[PDB]
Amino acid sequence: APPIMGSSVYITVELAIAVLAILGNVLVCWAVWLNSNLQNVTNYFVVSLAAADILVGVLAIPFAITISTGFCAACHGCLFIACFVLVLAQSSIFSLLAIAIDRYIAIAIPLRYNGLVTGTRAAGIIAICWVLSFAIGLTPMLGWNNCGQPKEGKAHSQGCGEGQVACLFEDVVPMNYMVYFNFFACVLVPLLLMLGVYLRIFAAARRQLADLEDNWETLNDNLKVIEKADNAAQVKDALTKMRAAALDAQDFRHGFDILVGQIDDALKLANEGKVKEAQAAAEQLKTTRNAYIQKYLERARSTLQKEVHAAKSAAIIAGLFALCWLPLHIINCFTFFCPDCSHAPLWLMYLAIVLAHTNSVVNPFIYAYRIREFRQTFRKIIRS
């Protein structure tokens, strides 16, 4: 069948993806620029990720369409148009890893987060990451390429000139680079590190939510131990543990000041052998628990639930990046490791390439569906 027919479907789909990738990701950058509630370190990496996706639409997709023609080109020029998408994918990986680490620092050390993670340090990391992405993605232009062994028969059959080759990705980019360096070292290892970071985020949230519920239950159990106590020493023992737990957990500041103070009043009575007076003093702790401690617990639980929801949204984007790119990397593994296997057919290569590009369309949707602040800002931009 005429090659222009199958190429026409692939090209049209690529162009449709390029349009959506630019539109949705420009909307993400617009929302962050306009709304100060979206201007935070996590979202500076989100914008770096959206910039990489805009460049997939503007440059990587036109370059993929160009390569698909097999046009005559100087081998090192062909190599640049083949490798530029690897720069963008690498930058995306560094942005996804930075978002995961950012979310881990926020849940593991919230009191140190604002002094450790600043906009200035974030902008420096993003700049370094873009430089490293160019170094990794354009490593073949440093000599790890097949330009020293051109397919001269294919070049002559196409009427190419001297120093020119038929420009095809797998003719100029070495497959040992694609599998060992690009896939295993530069993609799979950071994705596995991201999985490890997300497991630590969810374990930290789970442990912190369990600790809030345990401290609340301990307060209520110790209040009952005091109510049923048969002597001053038993009231004292339960109060000494209540005081330590209260200090460990320490209008919310006023509530904890009242709580420790009331435990201290009861403990002083219990040390004087005044059981009944110590038990009546301990009952006052219920008023403080109802008016202050319960509100603290509900707010701390709600804050942890919002961090779990946010880390899930971030993990879904990292997982969707893995889902969209893995097929092309896996096809490269078959081409490389199985020279006795027929190469994956051209229609399957086009499908894997288009699926990898579709990753540049999906993040604006995940932000709109899962993040209220982005959802409302997108609605305001599209309306105004």
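Only the largest set of C-alpha atoms that superpose within 1.5 Å between the two forms is called the rigid core. Residue indices: 1-based, along the sequence shown.
- Comparing 130 to 138 with 240 to 248 by root mean square Cα distance to the shown form in 9 other deposited structures of this protein, with the rigid core used for the fit, gives 240 to 248 as the more displaced stretch.
- Compared with other deposited structures of the same protein, residue 253 meets the criterion of being unmodelled in at least one third of those that resolve residues on both sides.
- In this entry, residue 250 and residue 251 are separated by 10 or more residues of the deposited sequence that lack coordinates.
- Higher mean CA temperature factor between 216 to 224 and 166 to 174: 216 to 224, per the PDB entry.
- Taking the PDB entry as given, 272 to 280 carries the higher mean Cα B factor of the two stretches 85 to 93 and 272 to 280.
- Ranking 139, 262, 208, 133 by Cα temperature factor from the entry places 208 first.
- Comparing C-alpha B-factors across 242, 314, 79, 188 in the deposited entry, the largest value falls on 242.
- In the PDB entry, residue 358 places in the lowest third of its chain by CA B-factor.
- Ranked by C-alpha B-factor against the other modelled residues of its chain, residue 33 falls in the highest third.
- When all modelled residues of the chain are sorted by CA temperature factor, residue 287 is found within the highest third.
- Per the deposited record, the Cα B-factor of residue 145 falls in the lowest third when ranked against the other modelled residues of its chain.
- Annotation for residue 296: C-alpha temperature factor in the highest third relative to the rest of the modelled chain, per the entry.
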